[PDB]
Novice: 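Sharing a structure with you now.
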Amino acid sequence: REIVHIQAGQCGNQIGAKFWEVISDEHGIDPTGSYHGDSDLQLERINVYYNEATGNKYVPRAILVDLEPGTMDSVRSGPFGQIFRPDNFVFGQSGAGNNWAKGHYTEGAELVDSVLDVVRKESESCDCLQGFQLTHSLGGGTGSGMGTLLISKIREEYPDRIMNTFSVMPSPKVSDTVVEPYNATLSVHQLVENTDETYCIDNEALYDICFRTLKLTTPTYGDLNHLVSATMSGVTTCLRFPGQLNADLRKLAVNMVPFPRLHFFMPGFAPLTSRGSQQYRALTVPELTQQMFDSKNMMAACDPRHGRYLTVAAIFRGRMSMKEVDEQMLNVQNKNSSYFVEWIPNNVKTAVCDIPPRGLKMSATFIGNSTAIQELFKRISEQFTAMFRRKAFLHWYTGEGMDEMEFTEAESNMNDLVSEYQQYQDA
Amino acid sequence: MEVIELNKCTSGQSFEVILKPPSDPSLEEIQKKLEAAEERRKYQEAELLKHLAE
Amino acid sequence: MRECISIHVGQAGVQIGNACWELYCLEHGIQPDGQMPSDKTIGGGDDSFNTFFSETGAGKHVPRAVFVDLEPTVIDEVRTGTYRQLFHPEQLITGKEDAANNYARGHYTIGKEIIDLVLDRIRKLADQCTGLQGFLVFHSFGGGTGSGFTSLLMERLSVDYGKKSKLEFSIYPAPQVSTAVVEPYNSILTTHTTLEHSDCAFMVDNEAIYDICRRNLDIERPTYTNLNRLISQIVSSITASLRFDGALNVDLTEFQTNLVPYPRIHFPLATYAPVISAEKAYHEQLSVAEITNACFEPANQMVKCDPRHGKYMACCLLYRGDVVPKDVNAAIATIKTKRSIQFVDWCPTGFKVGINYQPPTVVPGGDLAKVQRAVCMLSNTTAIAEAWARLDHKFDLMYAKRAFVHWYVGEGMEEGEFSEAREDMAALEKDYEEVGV
Amino acid sequence: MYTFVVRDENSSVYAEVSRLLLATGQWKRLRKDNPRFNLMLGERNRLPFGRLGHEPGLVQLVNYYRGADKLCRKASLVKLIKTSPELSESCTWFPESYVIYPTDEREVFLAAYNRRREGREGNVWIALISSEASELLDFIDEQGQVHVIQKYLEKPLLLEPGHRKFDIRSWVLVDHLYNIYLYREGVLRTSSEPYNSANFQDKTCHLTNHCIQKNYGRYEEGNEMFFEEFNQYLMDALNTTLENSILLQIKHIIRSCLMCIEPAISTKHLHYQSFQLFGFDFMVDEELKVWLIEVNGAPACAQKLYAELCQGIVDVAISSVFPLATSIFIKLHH
Ligand SMILES: Nc1nc2c(ncn2[C@@H]2O[C@H](COP(=O)(O)OP(=O)(O)OP(=O)(O)O)[C@@H](O)[C@H]2O)c(=O)[nH]1
Ligand SMILES: Nc1ncnc2c1ncn2[C@@H]1O[C@H](COP(=O)(O)OP(=O)(O)CP(=O)(O)O)[C@@H](O)[C@H]1O
Ligand SMILES: Nc1nc2c(ncn2[C@@H]2O[C@H](COP(=O)(O)OP(=O)(O)O)[C@@H](O)[C@H]2O)c(=O)[nH]1
Ligand SMILES: COc1ccc2[nH]c(C(=O)c3ccccc3)cc2c1
Ligand SMILES: [Mg+2]
Ligand SMILES: [Mg+2]
Ligand SMILES: [Mg+2]
């Protein structure tokens with residue numbers, strides 16, 4: 001069950017590149033593309049993300065997309081730069097200028113067909129393609145505009161395949177331009193319709209974690225991406241390694257998404273660590289469980305106590321007492337059963353992987369479909385309305401052929417998504 | 001109390017003890033049901049592709 | 001001699017099928033390569049064990065069985081397992097993508113594109129039968145394949161084999177070993193569709209098996225291997241009468257006769273004893289009275305419930321090992337005066353006993369210890385309806401909000417089938433009430 | 001930190017228990033349908049015992065014994081006593097009773113009535129109270145439901161001053177280990193106006209329920225004499241104690257009744273556990289011989305005794321299972 005990876009824009013390619021370099025180490029794949037591991041657990045499901053090639057080298061089933069070559073050139077010169085299939089580098093030259101309209105309608109429309117040709121060539125090699133995963137930001141133009149454009153066209157050509165996304169949310173705490181709420185609201189409108197699963201990676205959360213918890217005075221995008229790549233490695237563990245779960249992108253959707261539009265997940269991770277700073281003391285199972293459920297460990301800046309969990313998936317990694325984990329996970333649901341909906345029996349599920357991530361002897365990844373996620377979209381909505389009520393910076397979009405109506409439509413649907421989440425919070 | 005119909009063999013034996021006395025769809029019906037659901041899938045997929053065409 | 005075909009659907013059915021057929025081989029002295037030295041009738045014969053095994057001129061004894069899964073990983077381990085030579089490639093059918101824990105996807109979507117192939121491979125075996133009695137169908141309630149494709153298959157077999165009986169070995173869903181949040185949906189859906197197509201169904205609650213492995217085998221976190229090797233013993237006890245010389249439950253029709261007076265109420269409660277750990281250094285062998293008394297302990301039942309607060313319609317005791325009728329009658333007489341065993345007014349209060357002098361075979365290196373005598377009680381008690389109640393409640397909780405329903409509708413299923421299925425279960429729950437109280 | 005649920009609001013007993021549990025600060029009340037509970041203060045009817053003990057990682061407990069209705073139903077109580085060898089027919093402490101189905105144990109009841117009709121014996125019975133069988137055989141049929149005719153004790157023990165009738169109420173608590181705990185404090189639900197043995201259907205001096213009686217509060221506050229006063233009365237008027245003359249018989253009936261149905265309702269090896277508070281109603285004749293009237297599975301308490309009892313329930317029936325971070329009960333040994 002192969003997955004086709006796509007990474008669009010500056011952010012998408014940078015978190016995408018780190019994602020591959022992380023799991024490549026976990027599967028014993030070196031930058032050359034050669035396997036040098038000690039366990040065969042690493043290879044049993046390596047085909048989900050990697051293609052087997054000449055000399056039995058493993059090539060990532062990844063497609064790198066951008067409207068400017070700047071960031072993709074950095075990837076190619078990066079650590080695991082040469083592992084990628086060079087034909088899967090599809091890029092323009094004009095950029096998107098952090099404009100959703102340029103990525104979705106003008107600049108991106110000119111390049112999108114080239115990308116889909118690569119998507120097709122990769123899919124035809126799949127024994128049985130299960131779906132796509134996309135890495136991108138929502139605050140920019142390419143990953144945001146062209147990313148959602150790609151999603152729309154991928155759904156057209158592969159309507160029976162699962163669409164998964166790692167969508168990075170914009171925040172004033174980590175901002176490139178003021179028009180990020182515009183691009184984000186427009187993108188969310190697309191994600192609600194054309195994805196089955198979306199990991200909400202909030203930059204506001206990633207900043208706070210770096211500042212408050214990790215005590216990093218002035219965090220960079222590199223610091224932020226340590227958290228992303230750690231989370232991405234965690235939420236894909238069940239896909240990359242064999243398990244009781246028999247996990248794929250569809251089973252995840254069926255079990256996590258009780259209602260199709262409400263498919264925006266809160267990722268979490270424990271232990272929170274900074275780059276370079278290695279742990280010496282391992283976390284006890286009670287500590288992993290407590291932390292992974294704490295708001296301070298959530299990659300989406302939302303208070304889970306302000307809502308209810310529809311579903312939860314917790315992935316423990318490393319060698320540990322699976323009994324103790326079950327005792328702690330059952331303790332979780334029994335200590336605060338009020339924050340779990342009573343109308344979905346046994347909505348919290350646990351999985352284990354013997355292989356831990358690099359630098360940690362054990363860890364815990366959290367995937368929650370909470371109704372508290374509305375706080376995220378409400379935040380974007382307020383920032384959106386603040387500008388939109390005065391039609392500020394809108395000329396950047398109308399100059400690309402967009403009409404005000406389309407903004408109002410995107411706004412309304414996101415507000416609907418909020419109310420929809422509020423609906424089941426009072427059930 | 002009452003043991004009845006005792007039957008012994010080389011592999012074993014069986015009996016019965018009483019303590020107290022007392023006081024489909026057709027083939028095409030199926031295939032139409034399956035095809036009816038398939039048409040509902042194609043309609044759903046058509047409404048999608050039509051919406052995407054817009 | 002009349003032949004029986006075993007059908008293993010989904011991961012649960014296949015892996016349990018492996019456990020059972022592994023155990024069958026050890027009991028009949030059949031080797032992994034299919035050679036059975038004790039069978040002096042080379043290339044054929046109409047012995048009791050031929051009910052489950054066909055013979056080739058080369059002296060190979062192959063299971064009258066078919067393995068089907070919508071996804072190849074599980075059956076591929078049978079293709080490359082220790083009993084790979086035992087099976088014929090035509091018997092091991094595999095799809096390319098599973099039902100994703102979705103009944104509708106297994107039944108309607110993917111079920112439609114493989115049902116004809118499966119029935120053709122089943123017909124392949126049926127043609128090798130002198131007089132086929134029927135089928136033994138192993139599956140899960142919670143899986144998309146085990147639930148979805150099973151019900152579809154059970155429908156077609158009733159069309160292609162109307163006169164043939166069909167027995168079920170079904171795995172009831174348990175959170176401790178669940179794989180999907182929607183298993184209550186899949187269970188209700190497959191029960192409703194299969195109910196009129198099943199003559200006798202042996203339900204096994206994974207909760208019960210999980211706790212028995214923890215309580216009696218000291219296995220802190222039972223794996224599927226642990227559960228199945230225990231389930232295989234129960235299945236073996238039930239099917240022993242079909243594979244050995246005897247006069248009780250010699251065919252599939254007799255199962256319905258001796259355990260199922262009312263057609264719809266065809267879910268006998270199974271209770272097995274004793275379950276002793278192999279790693280138990282010192283063990284005092286239990287007597288006929290002790291193991292028989294254990295058959296009325298809820299902690300030994302394949303489904304946790306309280307037979308005291310119900311009524312029996314039938315009860316069969318299946319012994320294996322050093323047992324004689326006298327010790328059995330003595331046990332029953334004692335137990336009756338100390339336990340609440342109420343039969344329905346229109347039934348005789350009695351027990352159909354079956355003994356096989358050969359003690360229960362244990363898998364070498366397994367978790368079970370060798371015992372001098374064991375027993376499996378098959379009692380059709382209304383108390384098993386407690387399992388339907390639990391399950392129907394979990395169904396109601398989710399369906400009230402129509403949670404996850406869109407995944408089923410998206411596969412071409414109608415939302416009405418949820419209510420029609422739940423209504424049939426409501427009727428079933430009441431049927432148990434009229435008989436029980 | 002434990003959790004519980006409430007599914008019977010009209011119950012005054014566990015309403016106090018739920019209060020006490022919350023007061024410990026180690027028990028959290030959940031919503032009615034929240035399955036992740038440690039304790040269940042369930043409803044009186046249609047209690048779902050089938051859904052108990054199936055929550056992994058939760059030791060579950062309920063304040064009712066499944067099957068205990070056999071004892072707490074008049075029609076079932078008689079059948080239970082008549083069919084159980086432990087009790088059976090020659091039960092000395094249970095009045096002569098007969099299950100009588102309306103428009104069965106009729107034809108056998110008439111045989112009893114006639115022989116006692118002939119022999120000039122005391123021949124009053126009660127479903128209400130009459131000395132003619134035909135009069136209220138027409139009564140059980142004109143109301144519809146099942147009723148039990150029972151031999152009316154024509155010579156009851158009568159309290160002086162007043163020449164008044166009474167019936168004793170004992171509160172018994174059976175824990176998860178089936179330890180039978182008799183609450184040391186009972187109560188005498190007396191009559192206020194003298195009992196007479198001629199006019200029988202003036203139901204104020206024959207039936208001694210708190211309802212009908214509400215000359216109220218004349219002799220004792222609220223028609224409720226407690227053991228201290230009743231014991232003192234027996235010592236002064238009859239030269240005996242409550243322990244000897246009555247309580248030995250009461251402890252005997254309570255034990256005999258519960259040991260009889262133990263194998264049917266016991267949760268010793270079950271996947272869920274049960275406890276239950278019972279209310280045994282006794283009757284004393286002039287010869288100080290105690291008769292069992294009925295058992296109630298959902299009894300209320302006396303206002304004076306609510307605090308002490310309800311706190312007792314938490315100690316031995318709840319905290320015994322769910323421990324936290326001189327005893328008021330007489331343990332009936334068996
Ligand atoms: N006792 C036992 N139960 C099993 C086993 N394997 C799976 N199950 C149960 O089966 C349920 C899920 O059904 P599966 O058999 O795994 O899935 P499937 O039939 O292959 O259907 P899909 O994979 O969804 O297409 C879960 O509740 C498991 O507890 C097993 O080996 N032994
Ligand atoms: N055989 C008998 N002889 C004399 N009096 C009797 C009797 N049976 C019942 N009584 C009287 O009947 C009244 C109680 O009847 P019963 O106990 O059946 O009602 P009840 O249980 O619904 C009220 P509570 O719920 O408090 O027990 C008492 O006043 C008792 O004295
Ligand atoms: N976490 C993270 N966020 C980024 C990174 N680069 C840009 N972003 C976010 O994405 C938005 C800018 O989008 P960008 O990816 O640069 O636009 P694009 O290249 O045109 O698709 C802002 O909201 C940034 O916070 C990165 O490396 N890491
Ligand atoms: C909510 O309860 C459940 C029940 C079943 C489930 N399966 C899965 C997955 O397949 C999966 C895929 C990728 C990453 C993590 C998990 C999640 C899940 C949650
Ligand atoms: Mg940028
Ligand atoms: Mg499967
Ligand atoms: Mg032969």
Side-chain angles (χ1 to χ4, degrees), chain A residues 1-2 44-45 126-131 159-162 196 238 242-263 310-313 320-327 329-330 333 341-352 369 423-424 426-427, chain C residues 10-12 69-74 77 95-105 109-110 142-145 173-186 210 214 219-224 390-391 393-411:
Chain A
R1 303 303 303 275
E2 298 81 3
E44 191 173 337
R45 303 183 71 183
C126 291
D127 177 36
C128 184
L129 173 70
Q130 53 167 305
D160 61 330
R161 293 287 100 95
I162 300 296
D196 313 290
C238 291
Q244 314 165 348
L245 190 52
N246 305 327
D248 51 53
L249 291 176
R250 190 175 299 280
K251 262 129 145 191
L252 175 64
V254 170
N255 292 304
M256 291 296 289
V257 186
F259 308 101
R261 291 167 53 88
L262 309 182
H263 58 261
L310 298 176
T311 53
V312 176
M320 76 198 74
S321 175
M322 256 300 104
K323 181 185 191 177
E324 194 178 4
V325 172
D326 281 21
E327 290 188 34
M329 286 304 295
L330 289 172
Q333 306 162 57
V341 294
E342 71 286 356
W343 40 272
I344 302 180
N346 315 118
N347 60 341
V348 184
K349 186 169 182 66
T350 317
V352 60
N369 192 345
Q423 177 180 351
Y424 303 105
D426 303 329
Chain C
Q11 177 180 304
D69 197 353
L70 303 182
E71 193 270 348
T73 47
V74 185
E77 283 169 11
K96 294 182 178 179
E97 52 182 353
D98 58 45
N101 308 339
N102 194 341
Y103 172 88
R105 188 173 183 86
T109 308
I110 305 181
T145 303
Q176 259 158 337
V177 289
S178 64
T179 62
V181 70
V182 297
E183 291 191 11
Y185 280 171
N186 299 336
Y210 192 80
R214 287 169 53 191
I219 306 175
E220 242 167 13
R221 265 219 84 192
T223 59
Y224 283 143
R390 295 160 49 203
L391 201 59
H393 181 69
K394 291 181 176 178
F395 181 99
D396 290 338
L397 285 172
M398 282 190 292
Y399 190 72
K401 307 289 186 298
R402 298 298 192 279
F404 304 99
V405 175
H406 71 277
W407 289 116
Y408 294 75
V409 178
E411 298 290 355

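Just so it is clear: chains get the letters A, B, ... in the order the sequence lines come, proteins before strands, and each one is counted from 1. Just so you know, these numbers use all the heavy atoms, side chains as well, and skip hydrogens, waters and symmetry mates.
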Novice: Which bit of A:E342 comes within less than 4.5 Å of chain C, counting heavy atoms only: side chain, backbone, both or neither?
Specialist: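 Only the backbone of A:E342 comes within 4.5 Å of chain C.
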Novice: Given heavy-atom pairs under 4.5 angstrom as the criterion, report whether the side chain, backbone, both or neither of A:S321 touches chain C.
Specialist: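 No part of A:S321 comes within 4.5 Å of chain C.
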Novice: Looking at A:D326, A:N347, A:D127, which has the largest count of heavy-atom pairs under 4.5 Å with chain C?
Specialist: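 Heavy-atom pairs under 4.5 Å are most numerous for A:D326.
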Novice: Find out whether the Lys NZ or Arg CZ of C:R402 is both under 6.0 angstrom from the six-membered ring centre of C:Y399 and within 45° of the ring's axis.
Specialist: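 Yes; both conditions hold, so C:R402 lies above the ring face of C:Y399.
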Novice: As an exercise: rank C:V177, C:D98, C:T223, C:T73 by heavy-atom pairs under 4.5 Å with chain A and give me the winner.
Specialist: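 Ranked by contacts with chain A, first place is C:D98.
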Novice: Answer yes or no: does atom CD of A:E324 have more than 12 heavy-atom neighbours from other residues, nucleotides or ligands under 6.0 Å?
Specialist: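 Enclosed.
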Novice: Can you tell which part of C:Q176 gets under 4.5 Å to a heavy atom of chain A, answering side chain, backbone, both or neither?
Specialist: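 Interface part for C:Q176: neither.
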Novice: Tell me, do A:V257 and C:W407 make a side-chain contact under 4.5 Å, heavy atoms counted?
Specialist: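 Yes - at least one pair of side-chain heavy atoms lies under 4.5 Å apart.
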Novice: Can a donor-acceptor pair be found, under 3.5 Å and without considering hydrogens, that links the side chain of C:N101 to the backbone of A:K251?
Specialist: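 It does not hold such a pair.
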Novice: Give, as side chain, backbone, both or neither, the part of A:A253 having an atom under 4.5 angstrom from any heavy atom of chain C.
Specialist: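 Both the backbone and the side chain of A:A253 come within 4.5 Å of chain C.
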Novice: Does C:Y185 have its ring centroid less than 6.0 Å away from the ring centroid of C:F404?
Specialist: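 No; C:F404 has its ring centre 6.0 Å or more from that of C:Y185.
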Novice: Taking A:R45 for the side chain and A:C238 for the main chain, is one N or O donor matched with an acceptor at less than 3.5 Å?
Specialist: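 Judged by distance alone, yes, a pair lies under 3.5 Å.
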Novice: With a 4.5 angstrom heavy-atom cut-off, is it the side chain or the backbone of C:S178 that approaches chain A, or both, or neither?
Specialist: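 For C:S178, the contact with chain A is made by backbone and side chain together.
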Novice: Given that the side chain runs from C-beta out, which part of A:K349 has a heavy atom under 4.5 Å from chain C: side chain, backbone, both or neither?
Specialist: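 It is the side chain, since no backbone atom gets that close.
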Novice: Is any side-chain heavy atom of A:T311 closer than 4.5 Å to a side-chain heavy atom of A:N255?
Specialist: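 In short, these two side chains do not touch, never coming nearer than 4.5 Å.
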Novice: For C:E97, is it the side chain, the backbone, both, or neither that has a heavy atom closer than 4.5 Å to a heavy atom of chain A?
Specialist: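 Both parts, backbone and side chain.
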Novice: Can you tell which of C:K394, C:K401, C:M398, C:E220 has the highest number of heavy-atom pairs within less than 4.5 Å of chain A?
Specialist: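 Result: the option with the highest number of such pairs is C:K401.
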Novice: Looking at A:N246, A:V254, A:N346, which has the largest count of heavy-atom pairs under 4.5 Å with chain C?
Specialist: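 Maximum pair count with chain C is reached by A:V254.
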Novice: Under a 4.5 Å heavy-atom cut-off, does chain A meet the side chain of C:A400, its backbone, both or neither?
Specialist: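 It is neither, since no heavy atom gets under 4.5 Å.
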Novice: Between C:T145 and C:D69, is there a side-chain heavy-atom distance shorter than 4.5 Å?
Specialist: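 A side-chain contact under 4.5 Å exists here.
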